[PDB]
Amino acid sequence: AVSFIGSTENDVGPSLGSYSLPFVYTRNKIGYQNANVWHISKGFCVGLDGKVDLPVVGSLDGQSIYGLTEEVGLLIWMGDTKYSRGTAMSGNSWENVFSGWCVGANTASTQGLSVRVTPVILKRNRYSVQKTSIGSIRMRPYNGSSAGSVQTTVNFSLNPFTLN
């Protein structure tokens, strides 16, 4: 079985956090993590797809730099719960960010996710960014499992932050 147990709207990073061309700035500080977004059981197989809606203004080592303002951009990761499992995002299409797993035929667990970003200074003049929509992540059932009657997609918004 599968049930949606998380939240539809999720904030990335602590609200109004401060961090000290182009040049990259934050580890896992600017992120959102939730190990329990869906409850799964009895053989349910699930992975995750991710999509970034921000405009791509460039790229660094194979991944897109998404634009926020003239001065600030972002490198973005989406994936399974643990931050080190994040998949570098490029473009604006749905991408496989977690290959997936199957819970035991006679057991239950949960499926989580994480979104992480790192600031990128595009233009220099402190830099402040306001709450901005980043994109979404949708569960990807496989092996015959069904999204059935469950919310498959959740959204992410970047909390306001300041770069010194």
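Residue numbers here begin at 1 and follow the sequence given.
- Residue-level annotation: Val24 has coordinates in all of the other entries compared, counting only those that model residues on either side of it, so it never reaches the one-third mark.
- The entry models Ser20 and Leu21 with a gap of 4 to 9 deposited residues left without coordinates.
- Coordinates are lacking for 1 to 3 deposited residues between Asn125 and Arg126.
- If you average the C-alpha B-factors over 34-42 and over 59-67, the higher value belongs to 59-67.
- As the entry records it, the average C-alpha temperature factor is higher for 128-136, out of 128-136 and 44-52.
- Listed residues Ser114, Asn28, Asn96, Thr110 were ranked by CA B-factor as deposited; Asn28 comes out on top.
- Looking at the C-alpha B-factors along this chain, the one for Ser146 belongs to the highest third.
- Per the PDB record, residue ranking by Cα B-factor puts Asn155 in the lowest third of the chain.
- Per the deposited record, the Cα B-factor of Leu163 falls in the highest third when ranked against the other modelled residues of its chain.
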